Structure formats: C-alpha cells, structure tokens
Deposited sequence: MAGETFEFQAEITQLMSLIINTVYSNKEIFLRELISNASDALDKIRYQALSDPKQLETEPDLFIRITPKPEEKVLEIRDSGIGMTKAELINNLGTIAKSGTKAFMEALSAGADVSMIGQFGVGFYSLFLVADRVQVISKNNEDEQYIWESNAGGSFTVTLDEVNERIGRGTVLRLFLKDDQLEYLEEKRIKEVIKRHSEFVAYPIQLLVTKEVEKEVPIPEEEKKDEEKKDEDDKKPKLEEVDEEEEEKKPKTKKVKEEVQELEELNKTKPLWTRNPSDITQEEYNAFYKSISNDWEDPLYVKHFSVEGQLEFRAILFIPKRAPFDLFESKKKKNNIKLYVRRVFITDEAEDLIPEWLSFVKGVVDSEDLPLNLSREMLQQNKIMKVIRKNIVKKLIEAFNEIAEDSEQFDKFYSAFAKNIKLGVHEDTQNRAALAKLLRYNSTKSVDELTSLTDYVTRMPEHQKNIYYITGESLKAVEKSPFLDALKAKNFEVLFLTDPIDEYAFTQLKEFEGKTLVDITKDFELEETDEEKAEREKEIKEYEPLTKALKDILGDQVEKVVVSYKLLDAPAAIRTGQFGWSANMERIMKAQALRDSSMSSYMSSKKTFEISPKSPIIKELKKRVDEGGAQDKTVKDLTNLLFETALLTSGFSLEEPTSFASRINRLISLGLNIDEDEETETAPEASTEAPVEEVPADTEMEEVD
C-alpha cells in the first residue's frame, strides 16, 4: 500500500549514543586517541604516494594538553585533518564513518590497520565535556572550528582567533564541573595505560612540574612487539614488554610468541612469570584494549600465564568493550592451550629452566590433569615427583616406566604430609624387596590428579596406601595360607577389641619391620585425603593388618592360646598398636590425651615407678 523510509529522532538519538552505550566515562579518551591514530594512518598512507602531503607537519605525534585553570582538555594530533565538508558530513552525521569509507576506497591487501569502523565513537567525549571546540586543518582547505554542545546542532566557523597549525585536528574539550578529574596527571595516565597503551604513534602529555616549566612526556614508551617477527625480538625487549602488560617487577621466566595465519588472523605474546600471582590475558583489537574479563579465552587452571592477544579482526560491540557471542574464542582457546602445552614441552627439554617453572607452578599443572580432559595425557608427562630411586631430583612419569622391571604392570605411589613422612613409611618395604619404584606425593593437589588420570601408557595408577595385592609364586601362596589360618584366632581377637574402629583384621605380608599398619578399603578417602578434607578453611573404613614376622605380633599370638583374649594387659597393647599405626599410616589420632596416658604409663614402668 504505502512504503515509507526509516527515520531517526535526532533529539533523542544523541542522548542514547552518548549516555547509554558506554559503561565507563573514561572511554572517551580511548576513542579520541583511536581517531587520532586513524588520521595519522591516512596521512601516512598518502605520504608514500605524495611526499608533499607530509611537508607541512612531518612529525606524527599525539599531544594532550590539560588546562586546569580553564577546565579545558586539549587533544591535538598531526593526522590528515578534515576539510569543511568532512566536518559536516563525516563528523556531523551520526553513524557516518569516513575512515571506513577510506578503507573501502583502496584495494584489498593494503597495509592499513585503522580502528574506526562504526562512526559513533566521536560523540563519547560529551560524557565528560559540556561543549566541544574541535578545530581541524587540512592540506587542501583552510582551518575551521567545529563547535557543538550535544544540543542537536553544531556550527562550523573559519578559524581566525586561534594559533595557526600546519596539519591535523585540535580537539578542545570543555569538561564539566563534576568531570574535572581528567585534568590532572594521574587520571590521564591511568586511561592511557589501560586502553591506548600500545598505539603505534607516540602519545605526548604536557605535564607541569614544580618551581614549574611545562614539558612533554611520551606515555606510550613501549612499542607493540606483536607487529614484529619473534625471531628479531631479543630477550631484553620481552622483559620490558612483560613489565608493561602487567604490574610485575621481575622478568618473565618464559616467552611464547606465536602467530596464526589463515582463516583466523590473530597474534599472541604469552609470558610465563617466575612466581604465581596468587584477568591476566588481555585482548587487543586494532592495537586497542577491548577487555580482559574473557572467560572463554583461557582456562582457569591455565590463567597463571601473562601476556596479551592481538586479534585485530573480531566482532566488536557498540560500546567497543565486549565481544558478541564469542564462538571464535573457542578456536583461540584451543590454540592458546596448544601453544602453551608445546611451550611447556620446550621448557621440559631444559634442566635448569624447568626446575624454576615446576617449583613455582606445581599446582597449576596438576590442576589441569584434574579439570582438563582432552589435554590430560599431554599434561601427565609434565608431572615431576620424587621416588625411592629419585630422592635427589624430580623424576617424570615417562622415566618411571623406563626403570620399571619386566614383571611390574602398575605404577605405585604414596601420599602423605611431607617428603620425610612418605620416605620412611612402612608401605615401601614390600615394594623395595621386589625392586619396585614408588613415587612420592607431598602436595595436597597430587591426589586430585591421580584419581582422574588412572592410566599412564597402559600402566594403572595404584596407591600403596590402599588395599592392593602383589604377585608371588604358587608355593608362597600355599605357605602363606597356613600362617593366616594359624593366626585366625589372633585376627578375631583384635577385631572384638577395636570394635567398629576397623572393618576387618587380616594378616598382611607387605610389612617387614613394622609390627602393624592401617590401610583403606580401596574405596573412599585415603589417609591423606581424609586429613586434607578435614583441614580446608573454605570447605572411610580402616583395615588393621599385622605383620606375621614381627616379634611383638608373635608374642601377642602366644597370649591368645593361653586364654588371654580378654586379659587387661593385652587390651591395652592392642589399642596401643592401633593408635600407633594410625600415626605412621597418616591418619588423625582421636583424643590424643588417652594415647599420651598410655605412653606416660610406659615411661613410669621403665623408670621403676609403682
């Protein structure tokens, strides 16, 4: 019937674009620096074909001059400038991006990396400025003044009351009474060090010293390293770059600089620090900081690494500080983890460098084995622990299976409080007799990784603290069954005394010197796991096994056949051996006062005290 055209309410669109688009008010400085960088790229692209276009102002700089006495924040650049028509068409029309039209005029494959693509980034200055006095100057026109106060209208007047400039645009910002914080030296340097730190052109800031001459300081003192080949970059440049992306004081332990070319164009310079920071990976589009709270970019267990990611081509939002329904992050997530795992393997090739990396990020590597599943096998080869044959240095799981004999089919390990407790545990005597290497786990996060891997190159991970069965000859099983049957009333005697403290009393041959020990029933929390869960701030049955070769156990067996199943002297000694085995196996002792009373009675008995 009737066909109409879409219109726009100018008196209301200006309020929506300025006030209800950007979250923070400091974003206005990022867009004005980005617009200055785009204008400098236009005159630089024309200087390659016309050197006379750069003779009026050969220095390509960005100068910021705050004036507290006048409440004016002046931002001057030496870009291409705007003519009289561009101040009305490009700058006067909302959503009109002239820099985008300049990118569409040239052929595909140029060396242009301009930032301006939407066309509503200039109006963000009105969040802090009441009225603007943008002054422009082009080579093919005169010098004009663009005055506006976000009141639905602007005026363009020929400049005759201001200083003559060679080429570029001068942005005069009359800040409001409540936005006078952007006139000091501190607030200006915070926004530059946050959004426009890696601008290719130098950003000059006019500071005022004390008696009080005003000077110019380059805010962007570090140049972006992703624009260069990683082979030409030395070690000193990577250290200064790490001290700029983060607030750390020390040098990075390892640098991983890669670049993926193809369907997805993005670069990343990932740094591995020397200590754990206990986000960290920032994202940059067109060499401009977008956001650092990307959760689908880097895993949580891998978030210890520092660095930034240059991903110039990405879907940006109108606020230009958030990405839209990030399905590309999953492609960058798998690429960052893949490059970091390959970087971790390169560190593993060295001996002095991997010792510092593993000692500082031992928890982070083991957290990946517990949480990550697709890359669990790659991270398992990086685990380094101690063993009975590796008491001096840390050994890997790959070196463990190399020293495994031909008759061993499982990987034995043991957990505990510290290294001194697991090295003298009575559970190692059985494996040392059969020449079986047993790993040592000292950190509380070791158990959470082993109950998720469950297999390394076909070898099943078995904990010697739990109930496990060893392989022996057939003639040994025959003679051992007779001793267990002979010690049957001895095991039944220890069961009724302890009661519900243990699940069962069996004769175990995995003990050589210790009289008895306690093991878990292969299900539940182990001796170390139960103690750890009961000691967390933000947050199983026991098996009594005796050794048939100990002289104490043989003496207790002699008391059973003599009718000493209910004697007072035997009940004290069986409870004494039970609570003593709990201390060696790693269990928490209940009511240690009564256990100390048994020791005090033994001390008095030795001192001839009646």
For this chain, which runs of the deposited sequence have no C-alpha coordinates, given in order from the N-terminus? 1 to 2, 214 to 258, 326 to 334, 596 to 604, 676 to 705
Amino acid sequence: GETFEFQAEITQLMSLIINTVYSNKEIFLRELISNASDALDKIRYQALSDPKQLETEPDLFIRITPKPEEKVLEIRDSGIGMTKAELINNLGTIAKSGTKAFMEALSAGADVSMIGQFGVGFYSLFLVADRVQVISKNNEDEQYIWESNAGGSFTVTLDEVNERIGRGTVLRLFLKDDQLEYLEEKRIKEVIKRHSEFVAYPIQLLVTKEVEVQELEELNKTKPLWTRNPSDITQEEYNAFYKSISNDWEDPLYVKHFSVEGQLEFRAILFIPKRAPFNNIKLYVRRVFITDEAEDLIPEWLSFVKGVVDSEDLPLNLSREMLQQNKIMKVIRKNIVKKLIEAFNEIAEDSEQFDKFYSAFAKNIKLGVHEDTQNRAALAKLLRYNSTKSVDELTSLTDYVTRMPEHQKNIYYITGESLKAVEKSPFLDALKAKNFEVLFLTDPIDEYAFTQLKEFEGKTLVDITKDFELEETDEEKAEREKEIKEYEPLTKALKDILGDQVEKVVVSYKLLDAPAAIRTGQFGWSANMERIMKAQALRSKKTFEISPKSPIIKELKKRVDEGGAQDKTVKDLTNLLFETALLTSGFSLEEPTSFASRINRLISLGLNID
From here on, numbers count along this sequence of modelled residues.
Residue 211 left out of the model in a third or more of other PDB entries: yes
